[PDB]
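Novice: Sequence order for the protein chains is A and B. The first sequence lines up with residues 2010 to 2204, 2218 to 2411 when you count with full-length UniProt numbering. The second sequence lines up with residues 2680 to 2716, 2718 to 2779, 2781 to 2812 when you count with full-length UniProt numbering. The structure's right below; bear with me while I get my questions together.
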Amino acid sequence: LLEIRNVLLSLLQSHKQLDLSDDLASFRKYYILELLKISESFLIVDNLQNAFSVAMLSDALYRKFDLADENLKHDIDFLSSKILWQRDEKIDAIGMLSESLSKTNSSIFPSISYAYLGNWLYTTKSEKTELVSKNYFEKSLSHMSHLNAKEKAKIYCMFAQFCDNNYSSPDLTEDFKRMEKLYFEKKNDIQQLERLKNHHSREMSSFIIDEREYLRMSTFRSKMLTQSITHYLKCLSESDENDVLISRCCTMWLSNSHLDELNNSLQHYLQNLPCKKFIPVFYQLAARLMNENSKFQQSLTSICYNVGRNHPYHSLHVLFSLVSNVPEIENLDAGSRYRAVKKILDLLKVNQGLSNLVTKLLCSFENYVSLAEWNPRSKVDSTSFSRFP
Amino acid sequence: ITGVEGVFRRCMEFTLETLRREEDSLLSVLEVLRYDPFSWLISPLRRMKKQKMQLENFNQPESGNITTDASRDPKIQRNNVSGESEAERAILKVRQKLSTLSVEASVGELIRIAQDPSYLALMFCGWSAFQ
């Protein structure tokens, strides 16, 4: 793209004595584009040597031909960091990151960027989880909306990834199971203590105090997992890139079914989330709806009813199939659930134009259903509409 | 010009490339729906229906004993019951398929039996076509 573009910049430098202003020297400094000049994926030789060559002159821009200080420090910083991530500068990236952390010349959005390096550290596992978690969370929350276009995805991602690892991870899962077993043993211990020596009771109480802290931490982290699912839904609201977000959301409601108490934690955000984006999820999620005065079931029903009114036709295949999948044989709690599901479909069919649409869907189902049932006279390939009634 | 390769090898080089982009992706997608009672199992009645069976890979119409016994039935039991969900068993299989074996070896893994005469000996009876 840019062969002599640096050589192009050379000229404004050349007229130094006659220069109107040195702001032209400040021009090539704001060189985020100059980094982009190869940073846009020089694939053939894989975009390696150029940018590292670039940001060196960026440091020169900081110093060699300019005496100034600004966010551009952290700017060349995150870029060198990206180059480092390109080539195994394992903590060297962390080193530049901490260096950026040291100064104070920009807005807190650079700290939001620094949360990316902090999560890179979470991969590196340099320090304790809670402190760096607070360090990233404070900057993410404080100056929010100062950036949006690329800010939302990473803002969700940092709050989500480590927390979800906390929700489950092989060693972490084993640890949570061991803690749960400890709580279970403490339950039987308290049962025995219900009805001699108070020393064992006091030791068990101390162990119970210790275990209750860990259980409360895991439960608050799981509530944080619900909140991160909500933030990922808000991410689906800000942008529609990630169906991986969709599957993670699906896991969230699946555990909500598993976790009968978590629904309150999931309650309020479920109000605002436009799940219309969850098209690939839609049939499964609708099937997940249940028939009870339970918050999860009610929220599912409201979401599906919203789906129908807003745009049934996209998933009206799914809803019309669910209705079309009308077995009288299947008898269980799902039976009354599907009866109330038909009730909810009729409730969604209240609106007059929507009523016409729903009747059209049901009649088309009836038509194709008779068509399938129509196996008459072993007729030839061509079928006339008059053959069926 | 080419033997079965090249652009084929290109698609091979594509083949395992997905996992690095997001290992979790395909799993999470499948499993999320897998959590809700699918029938991740094979109906024994449906089993006898498939492989053309009958007397030909592509037998004629209706035919005999109406369609090889209106080939139909249903009801499982203790035997060969998938434990909780063999999809959970499947989930491990996918990552196993998605697992020190060389990425380059994967195409060879496909290649190793691709032109192997041995496999062609055992398959669905009838309908064997090398070229």
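C-beta atoms are modelled at their ideal positions from N, C-alpha and C, and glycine is treated no differently.
Cβ closer than 8 Å: which chain B residues qualify as neighbours of A:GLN2319?
Specialist: As a first step, residue 2319 of chain A is located in the first sequence; it is residue number 297 there, counting from the start. Simply none; closest approach about 14 Å.
Novice: Whole angstroms is fine: what's the gap from A:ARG2014's alpha carbon to A:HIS2280's?
Specialist: Taking the first sequence and counting its residues from 1, the one referred to as residue 2014 of chain A is at position 5. Taking the first sequence and counting its residues from 1, the one referred to as residue 2280 of chain A is at position 258. Straight-line Cα distance between these residues: approximately 59 Å.
Novice: Hey, would you say A:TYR2131 sits closer than 7 Å to A:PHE2168, going by beta carbons?
Specialist: For the purposes of this step, residue 2131 of chain A is taken as residue 122 along the first sequence, with counting starting at 1. For the purposes of this step, residue 2168 of chain A is taken as residue 159 along the first sequence, with counting starting at 1. No.
Novice: Could you tell me whether any Cβ in chain B is nearer than 7 Å to the Cβ of A:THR2381?
Specialist: Taking the first sequence and counting its residues from 1, the one referred to as residue 2381 of chain A is at position 359. So, not an interface residue.
Novice: Cα separation between B:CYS2806 and B:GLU2736?
Specialist: For this step, residue 2806 of chain B is matched to residue 125 along the second sequence. For this step, residue 2736 of chain B is matched to residue 56 along the second sequence. When rounded, the distance between both Cα atoms is 8 Å.
Novice: Is B:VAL2761 close to chain A, meaning its C-beta is less than 7 Å from at least one C-beta of that chain?
Specialist: Here residue 2761 of chain B corresponds to residue number 81 of the second sequence, with the count starting at 1. It does not; no Cβ of chain A falls within 7 Å.
Novice: Just to check my reading of the structure: A:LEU2379 and A:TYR2327 have Cβ atoms closer than 8 Å, yes? What is that Cβ distance to the nearest angstrom?
Specialist: Position 357 of the first sequence, counted from the first residue, corresponds to residue 2379 of chain A. Position 305 of the first sequence, counted from the first residue, corresponds to residue 2327 of chain A. Actually they do not touch by this definition, with Cβ atoms about 14 Å apart.
Novice: Fully enclosed by the segment 2056-2138 of chain A, which alpha helix (DSSP H) runs are 4 residues long or longer?
Specialist: Complete alpha helix (DSSP H) runs here, min 4: 2058-2071, 2081-2095, 2099-2111, 2117-2133.
Novice: Taking DSSP as the reference, what is the three-state secondary structure of A:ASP2262?
Specialist: Sequence index remark: in the first sequence, residue 2262 of chain A carries index 240 (1-based). DSSP places A:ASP2262 in coil when its eight states are reduced to three.
Novice: Note down the Cα distance separating A:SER2287 from B:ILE2722, rounded to an integer number of angstroms.
Specialist: Against the first sequence, residue 2287 of chain A aligns to sequence position 265. Against the second sequence, residue 2722 of chain B aligns to sequence position 42. If I take the Cα positions, the gap works out to 39 Å.
Novice: Does the Cβ of B:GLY2763 have 16 or more other Cβ atoms within 10 Å, making it buried, or fewer, making it exposed?
Specialist: Translated into positions along the second sequence, residue 2763 of chain B becomes position 83. With fewer than 16 other Cβ atoms within 10 Å, it is exposed.
Novice: So with CB distances below 9 Å, who are the chain A contacts of B:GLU2701?
Specialist: Counting from one through the second sequence, the residue named residue 2701 of chain B turns up at place 22. Neighbours of B:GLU2701 on chain A, chain order: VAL2266.
Novice: Spatial neighbours of A:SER2261 within its chain, please: C-beta separation below 7 Å, excluding the five flanking residues on both sides.
Specialist: Residue numbering aside, residue 2261 of chain A sits at position 239 when the first sequence is read from its first letter. Only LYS2161, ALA2162 meet the Cβ criterion.
Novice: Just the C-alpha distance for B:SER2809 and A:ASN2294, rounded to the nearest angstrom, thanks.
Specialist: Numbered from its first residue, the second sequence carries residue 2809 of chain B at position 128. Numbered from its first residue, the first sequence carries residue 2294 of chain A at position 272. Distance between the alpha carbons of B:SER2809 and A:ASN2294: 57 Å.
Novice: Let's test the definition: count the other Cβ atoms within 10 Å of the Cβ of A:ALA2308 and tell me whether it reaches 16, buried, or not, exposed.
Specialist: In the first sequence, counting from the first residue as 1, residue 2308 of chain A sits at position 286. With 16 or more other Cβ atoms within 10 Å, it is buried.
Novice: So, with DSSP's three-state summary, where would you put B:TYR2714?
Specialist: As a working mapping, residue 2714 of chain B is identified with position 35 in the second sequence. Here B:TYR2714 sits in coil by DSSP.
Novice: Please confirm whether A:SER2269 has its beta-carbon closer than 7 Å to some beta-carbon of chain B.
Specialist: Counted from its first residue, the first sequence places residue 2269 of chain A at position 247. Interface residue, yes.
Novice: Given this structure, state the Cα-to-Cα distance separating A:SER2321 from A:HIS2333, to the nearest angstrom.
Specialist: Reading the first sequence from its first residue, position 299 is the one you call residue 2321 of chain A. Reading the first sequence from its first residue, position 311 is the one you call residue 2333 of chain A. Their Cα atoms are separated by approximately 18 Å.
Novice: Using a cut-off of 8 Å between C-beta atoms, extract the partners of A:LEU2088 located in chain B.
Specialist: Within the first sequence, residue 2088 of chain A is the residue found at index 79, counting from 1. Simply none; closest approach about 23 Å.
Novice: Return helix, strand or coil for A:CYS2326, following the three-state DSSP convention.
Specialist: Taking the first sequence and counting its residues from 1, one reaches residue 2326 of chain A at position 304. Looking at A:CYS2326 - three-state DSSP - the assignment turns out to be helix.
Novice: Between A:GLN2306 and chain B, is the shortest Cβ-Cβ distance under 7 Å, so that the two count as touching?
Specialist: Translated into positions along the first sequence, residue 2306 of chain A becomes position 284. Output row for A:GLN2306: interface = yes.
Novice: Residues of chain B with CB closer than 7 Å to the CB of A:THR2273, please, in chain order.
Specialist: Here the question's residue 2273 of chain A lines up with position 251 in the first sequence. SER2707, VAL2711, listed in chain order.
Novice: In angstroms with no decimal places, state the Cα-to-Cα distance between A:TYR2291 and A:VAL2141.
Specialist: Position 269 of the first sequence, counting from 1, holds the residue named residue 2291 of chain A. Position 132 of the first sequence, counting from 1, holds the residue named residue 2141 of chain A. Using only the alpha carbons, I get a separation of about 26 Å.
Novice: Mind checking if A:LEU2376 is an interface residue toward chain B, Cβ cutoff 7 Å exclusive?
Specialist: Working through the first sequence from its first residue, we reach residue 2376 of chain A at position 354. Not one chain B Cβ lies under 7 Å of A:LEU2376.
Novice: Would the segment 2227-2240 of chain A and the segment 2170-2190 of chain A be scored as touching if the rule is three or more Cβ pairs under 8 Å?
Specialist: As far as the Cβ criterion goes, the segment 2227-2240 of chain A touches the segment 2170-2190 of chain A, which means the pair count is three or higher.
Novice: Can you find at least 3 beta carbon pairs, one from the segment 2696-2710 of chain B and one from the segment 2250-2270 of chain A, that sit closer than 8 Å?
Specialist: Yes, they touch.
Novice: Is the CB-CB distance between A:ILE2085 and A:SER2107 below 7 Å?
Specialist: Indexing the first sequence from 1 puts residue 2085 of chain A at position 76. Indexing the first sequence from 1 puts residue 2107 of chain A at position 98. Not closer than 7 Å, so no.
Novice: List the residues of chain A whose Cβ lies closer than 8 Å to the Cβ of B:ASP2715, in chain order.
Specialist: Here residue 2715 of chain B is taken as the residue at index 36 of the second sequence, counted from 1. Result: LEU2276, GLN2306, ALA2309, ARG2310.
Novice: Can you give me the start and stop residues for the alpha helix (DSSP H) that B:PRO2798 sits inside?
Specialist: The sequence position of residue 2798 of chain B within the second sequence is 117, counting from 1. Its alpha helix (DSSP H) spans residues 2798-2802.
Novice: Count the C-beta pairs between the segment 2733-2749 of chain B and the segment 2685-2692 of chain B that are closer than 8 Å, then say yes if the count reaches three, no if not.
Specialist: Flag = no, the segment 2733-2749 of chain B and the segment 2685-2692 of chain B do not touch.
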